[PDB]
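Asks: Top line first, the protein sequences correspond to chains A and A'. A prime marks a further copy of an entry chain. Under the deposited numbering, read the first sequence as residues 13 to 557, first letter to last. Under the deposited numbering, read the second sequence as residues 13 to 557, first letter to last. This structure is in structure tokens; I'll ask about it shortly.
There are 2 protein chains.
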Amino acid sequence: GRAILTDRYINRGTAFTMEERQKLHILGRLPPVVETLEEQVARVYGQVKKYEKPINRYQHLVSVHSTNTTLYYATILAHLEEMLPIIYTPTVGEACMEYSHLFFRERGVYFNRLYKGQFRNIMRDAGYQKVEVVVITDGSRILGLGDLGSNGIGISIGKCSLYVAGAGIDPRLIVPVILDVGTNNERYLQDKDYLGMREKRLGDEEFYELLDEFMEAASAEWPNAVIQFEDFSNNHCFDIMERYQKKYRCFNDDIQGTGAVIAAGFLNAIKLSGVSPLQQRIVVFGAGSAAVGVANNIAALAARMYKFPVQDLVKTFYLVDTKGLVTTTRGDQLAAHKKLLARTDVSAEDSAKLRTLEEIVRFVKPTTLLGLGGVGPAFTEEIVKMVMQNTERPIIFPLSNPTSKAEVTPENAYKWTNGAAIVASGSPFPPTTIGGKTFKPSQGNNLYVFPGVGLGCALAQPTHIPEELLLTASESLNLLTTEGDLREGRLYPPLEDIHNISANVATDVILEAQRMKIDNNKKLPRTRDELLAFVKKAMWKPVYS
Amino acid sequence: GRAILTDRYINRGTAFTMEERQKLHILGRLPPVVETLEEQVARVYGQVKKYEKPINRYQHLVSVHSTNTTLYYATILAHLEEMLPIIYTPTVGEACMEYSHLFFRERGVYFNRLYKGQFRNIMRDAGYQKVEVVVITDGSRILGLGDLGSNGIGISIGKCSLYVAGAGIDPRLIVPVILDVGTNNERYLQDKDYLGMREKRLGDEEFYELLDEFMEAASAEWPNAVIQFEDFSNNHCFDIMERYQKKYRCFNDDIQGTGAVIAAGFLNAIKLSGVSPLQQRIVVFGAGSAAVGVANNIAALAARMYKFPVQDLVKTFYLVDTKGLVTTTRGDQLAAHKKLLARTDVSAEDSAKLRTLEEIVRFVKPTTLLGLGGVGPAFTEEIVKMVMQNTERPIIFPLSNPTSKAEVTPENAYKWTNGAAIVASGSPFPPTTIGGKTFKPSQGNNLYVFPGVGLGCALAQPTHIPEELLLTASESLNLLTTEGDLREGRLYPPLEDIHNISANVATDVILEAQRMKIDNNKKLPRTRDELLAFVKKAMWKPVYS
Ligand SMILES: COc1ccc(NS(=O)(=O)c2cccc(NC(=O)c3cc(F)cc(F)c3)c2)cc1
Ligand SMILES: COc1ccc(NS(=O)(=O)c2cccc(NC(=O)c3cc(F)cc(F)c3)c2)cc1
């Protein structure tokens, strides 16, 4: 009766036919209109699209997710490019920050020092079987802005939901986790309505004692699961991966997902440019560990796909930090992560005259500007025009988040080059029309890779996730950009086709794992065509069945 | 486990102690703060009060009601005067009109011609036992504005919730009903997202065939229930009561509740005025059936409480319609409902000179202005000053809904009389300060009577609800205004004390039913002190138990 309607996994609302309503004794529990899923999606979309503020839209979608899980995921997939900034970055962050009450109904798991030694019992008592995907955060944030502490559960809830939408992970087999080790958000510490551990973030030693117990408890109770780290601060995110990458099935989408996605898009940017990889001169504006991680992912992918010597791919890279061009002759002690991309072919005297971007671009004569600075619009009209002198097709990638940090707008880049610029960003931007010719930047969204990595590790059951599976996923994404997409200036397959992309990415990840003999699921086909067809069938679909 | 948390009736959220969380295996399903109900109410109130627009506030409260029923009702009762315009008139009407998706989760029952002959099976299949209160509407509306058709279920949901909050009807024993007989809302008829019967309202004959089947099906399957008609248009609301009042346990709160509440307040206005009931000269501005219903309720209560001859109470009333003073000598055929209050002591020639309110007030010299016009601010400064000439304490009641229709603001009435005016309205208004002296109008809210009528009929099980029980409830409400309240200028007990008011009103209704020997529940005490104590114990309480 009203039990079927109150289970969000099997509830169909108005899609129950008259004759079904009769058999199920729910005649009189619904208005009399009968709708198809398509009609219900158009109705939900209409409801959503009339709300004016993102957080209003998010709140409406949360109520649909609460009542009718199928209709929620069906709505997301029919309008994915539009719904992505509502259901995740950056609306999700505002929702956590100020509307954390929207997450109370959802299936969160909470850990803290008060449950030390009980992490396994908490996981057992959760009563979830054959869990495939666990997103964990501590709410510290990657961009080191707005520590959310316990409210970070909204980030895990949002990320888990993107595995279901993106790769058809079954929504009963995802678990969002908050590991609450305190917060340095001073408003929260004095806020009467903060529900987390009201204390400063624990020191490293107690932090790793709790996270170790979590990783070991998850491996015993959720043995089939992938553990994905989300939105951990820079002080911990890299060290977490060095500590766990080999003993557990885990990855970090911020670090590994981002580089895999940017690399796939950058190589397609190379294909459209005229200028082949060994002919590229690439300014990397910004030299944090993440920016150097992306450069290395690009080198590693170009080596995989084209067997150029990797040393030679590295020499295409000119790294800029806060001081200027990174060189061996400029006279400072370089961070370990910067030595690898330091120029060896630049005198001390030239180094001293290479400090502002304008003069770095004038000397290096780059073919590509990679924006990973997050210090505002450093790619000026004159800097872009200078790149026009060195290539017919400047590759300009303003990837710094959020959009106000970005090095340049797609619109300015397209304008300043008269449509010649090849552009990718993190954020969706509308098309620019230049003399009747339309241009639209490619969105290097992390949704392209983590879902397929998740679905691939769910099926394959690898003992771990070494860099080789992330590289395979990077190449798989590059190779799904068709000749037709490339012809239309797209650097990625279309976002709307995420199920197909995720099936392909998973297939490739599985074959890499099989090849490395780290797979534990022997039921799988070991040839691509059969595997791809099997993977597509294993995927949960947002349709009534 | 997560089953206890997902039942909104027993879920306590953060009020589960640590040791309870352990025993119930929900450690790790909640943030670690433990709160008392009081703390949870202050937190929910804080969340609600930061939203800027009523419909936002309503949407937040709907999510609390969905998760934690106890915390919802606890929040309402701690802030009742503030929450009433959010959870019912007028926010509820806007929610139905444009946000009907907020009602989809709730326990609505839907009837229409397509289920003709199945009304009983629909009620049986609903699987509700010993139902006490059924609110039914057809969405036509009493104020004949914004026909909502099927979306009228939000009105029944809102009204049912006020019986739980107001009188402690158990939330599992209330059933909201929409009888969908079509809609004349032309936007809805052309709206693709309207989910109701897409047709003009049925004719009277098919209307009564469906409503008859509903009344008979309810009497068999919900035998213990009161049936309360809500928000039916004037073409049907009176005729429904004439058709059903004797054969079923039913009332209409718009008609009967309104008059019971206004009468109780008006008599207390008389007590504070100096001018006793036979000395009152009362202008009834507006002469619709509802306005004449209120005048007759006032007469009937004054007769009950003071045994003045009812003919003599009627002669205190000067009825104004669209033409002017209603008299026997003015030369039109008077509607039946107007004959009773027609002046017999006014010549044809005077009648002809008594058409505008200003000159009606100049001739009649009234002590009281009852505003039931709904045609704007007819009680001018000069009209109010004129009443100052005939009494030290003008009784001025602007009761016309919504507040923009009202005959005068409490502020103007208080200003114009220098604090002498005794004021009641339908809507809450803030206090006015006049030379260091504070005044606040009395709110004649229907919440004062229908809950207690509901709780009284739930316990008593009367064969029907004759006018005598409504009169008893009217007197009971008058008599609960204490000497201390009267001393402070209050015409009603305080709204905050609704549980006590509802216990008292129910007790009196039960004794009236026992006295008439129409009660079917023989388990009840038959003396007031014991009955009142029993009634108070039978009431559902918003506390964790
Ligand atoms: C605000 O979030 C939502 C959720 C769902 C929908 N679409 S729908 O699923 O087609 C739909 C439409 C109309 C009524 C119902 N009712 C129930 O699903 C229902 C559930 C119950 F538990 C009890 C009941 F009486 C009705 C469902 C739109 C917005
Ligand atoms: C938006 O609506 C609401 C509802 C409740 C509250 N207050 S509360 O009840 O104290 C509360 C506080 C924090 C977390 C939870 N979680 C669950 O109640 C819960 C329910 C589940 F079904 C599963 C779960 F993990 C947690 C409950 C405030 C606003």
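From the three backbone atoms N, C-alpha and C, an ideal C-beta is built for every residue, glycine too.
1. DSSP puts A/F123 in a beta bridge; with which residues?
2. Does the distance between the C-beta of A/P43 and the nearest non-hydrogen atom of ligand 3 fall short of 8 Å?
3. Assuming A'/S301 contacts A'/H248 under a Cβ cut-off of 8 Å, what Cβ separation, rounded to an integer in Å, is found between them?
4. Which whole runs of the alpha helix (DSSP H) in the region 361–401 of chain A are 4 residues long or more, in chain order?
5. Name, please, each residue of chain A' whose Cβ falls closer than 7 Å to the Cβ of A/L42.
6. Mind listing, in chain order, the residues whose beta carbon lies closer than 5 Å to a non-hydrogen atom of ligand 1?
7. Per the contact definition of three or more C-beta pairs closer than 8 Å, is the region 184–198 of chain A' in contact with the region 153–169 of chain A'?
8. If contact means a Cβ-Cβ distance below 8 Å, which residues of the region 107–131 of chain A' contact chain A?
9. Between A'/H72 and ligand 2, is the CB less than 8 Å from at least one heavy atom?
10. Along chain A, in chain order, which residues have C-beta atoms closer than 8 Å to that of A'/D333?
11. Rounded to whole angstroms, how far is the Cβ of A'/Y111 from the Cβ of A'/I67, which I believe are closer than 8 Å?
12. Return helix, strand or coil for A/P97, following the three-state DSSP convention.
13. Roughly how many whole angstroms lie between the Cα atoms of A'/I310 and A'/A90?
14. Mind the definition here: the region 206–223 of chain A' touches the region 134–147 of chain A' only if three or more C-beta pairs lie below 8 Å; say whether that holds.
15. Is the CB-CB distance between A/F409 and A/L381 below 9 Å?
16. With a threshold of 9 Å between beta carbons, is A'/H37 in contact with chain A?
17. Taking only heavy atoms of ligand 2 into account, decide whether any of them is closer than 8 Å to the Cβ of A/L191.
18. With the cut-off set at 9 Å, would you say A'/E487 and A'/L346 are in Cβ contact?
19. Does the CB of A/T103 have a neighbour CB from chain A' at under 9 Å?
20. On the three-pair Cβ rule with 8 Å, is the region 81–88 of chain A touching the region 111–123 of chain A?
21. Since A'/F391 and A'/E419 are thought to touch, with beta carbons under 8 Å apart, how far apart are those beta carbons, to the nearest angstrom?
22. Spell out whether any CB of chain A is found under 9 Å from the CB atom of A'/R342.
23. Per DSSP, what are the beta-bridge partners of A'/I446 in this structure?
24. Which runs of the alpha helix (DSSP H), 4 residues or longer, sit entirely within the region 182–248 of chain A?
25. Taking buried to mean at least 16 other C-beta atoms within 10 Å of its own C-beta, is A'/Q401 buried or exposed?
26. For A'/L49, report the span of its alpha helix (DSSP H) as first-last.
27. Any heavy atom of ligand 2 inside 8 Å of the beta-carbon of A/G120?
28. Between A'/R14 and ligand 2, is there a pair consisting of the residue's CB and a ligand heavy atom that are separated by less than 8 Å?
29. Which residues bound the alpha helix (DSSP H) around A/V465?
30. Count the CB pairs spanning the region 461–476 of chain A' and the region 513–522 of chain A' that are closer than 8 Å, and state whether there are at least three.
31. What is the rounded straight-line gap between the Cα of A'/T48 and the Cα of A'/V555?
32. Which stretch, first to last residue, makes up the beta strand (DSSP E) that contains A'/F329?
33. Give me the residue from A/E542, A/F263, A/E480 and A/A281 with the minimum Cα distance to A/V147.
34. Against chain A, which members of the region 162–178 of chain A' pass a CB distance test of less than 7 Å?
35. According to DSSP, is A/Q323 helix, strand or coil?
36. Anything in chain A within Cβ reach of A'/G277, meaning under 8 Å, just list it in chain order.
Replies: According to the structure data:
1. Paired residue(s): A/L191.
2. Among the ligands in the structure shown, ligand 3 does not appear; only ligand 1 and ligand 2 can be found there.
3. In this structure, A'/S301 and A'/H248 do not form a Cβ contact; the two beta carbons are roughly 12 Å apart against a cut-off of 8 Å.
4. Fully contained in the region 361–401 of chain A are the following alpha helix (DSSP H) runs of length 4 or more, in chain order: 369–376 and 393–400.
5. Under the 7 Å cutoff, chain A' gives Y122.
6. Having a Cβ closer than 5 Å to some heavy atom of ligand 1 are A/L17, A/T18, A/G25, A/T26, A/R41, A/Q52, A/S75, A/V76, A/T79, A/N80, A'/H113 and A'/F116.
7. Taking 8 Å as the limit for Cβ pairs, the verdict is that the region 184–198 of chain A' does touch the region 153–169 of chain A'.
8. If the cut-off is 8 Å between Cβ atoms, the region 107–131 of chain A' has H113, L114, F116, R117, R119, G120, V121, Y122, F123, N124, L126, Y127 and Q130 near chain A.
9. At least one heavy atom of ligand 2 is nearer than 8 Å to the Cβ of A'/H72, so yes.
10. None at all; the shortest Cβ gap to chain A is about 40 Å.
11. Right, the Cβ-Cβ distance comes to about 6 Å (below 8 Å), so this counts as a contact.
12. For A/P97, the secondary structure class from DSSP, reduced to helix, strand or coil, is helix.
13. When rounded, the distance between both Cα atoms is 32 Å.
14. Under the three-pair Cβ rule at 8 Å, the region 206–223 of chain A' does not count as touching the region 134–147 of chain A'.
15. Contact: yes.
16. Closer than 9 Å: yes.
17. Not so, every heavy atom of ligand 2 lies at least 8 Å from the Cβ.
18. Not a contact, by the Cβ cut-off of 9 Å.
19. Look at A/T103: its C-beta is not under 9 Å from any C-beta on chain A'.
20. Per the Cβ contact rule, the region 81–88 of chain A is not in contact with the region 111–123 of chain A (fewer than 3 Cβ pairs under 8 Å).
21. Indeed they touch by this definition, with Cβ atoms about 4 Å apart.
22. Answer no: the Cβ-Cβ gap between A'/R342 and chain A never drops below 9 Å.
23. Under DSSP, A'/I446 shares a beta bridge with A'/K449.
24. As far as the region 182–248 of chain A is concerned, its whole alpha helix (DSSP H) runs of at least 4 residues are 198–202 and 216–233.
25. By the beta-carbon neighbour count (other beta carbons within 10 angstroms, threshold 16), A'/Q401 is exposed.
26. Looking at the DSSP string, the run of the alpha helix (DSSP H) that includes A'/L49 is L49 to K62.
27. True, at least one ligand heavy atom lies under 8 Å from that Cβ.
28. At least one heavy atom of ligand 2 sits closer than 8 Å to the Cβ of A'/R14.
29. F462 to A472 is the extent of the alpha helix (DSSP H) around A/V465.
30. Touching, yes, given that three or more Cβ pairs across the two stretches are closer than 8 Å.
31. Each residue's Cα considered, the two are about 10 Å apart.
32. Per DSSP, A'/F329 is one residue of the beta strand (DSSP E) stretching across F329 to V332.
33. When each option's Cα is compared against that of A/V147, the closest is A/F263.
34. Those would be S162, in chain order.
35. Helix at A/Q323.
36. Listed by position along chain A, the residues whose Cβ is nearer than 8 Å to that of A'/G277 form an empty set, because the closest Cβ is around 38 Å away.
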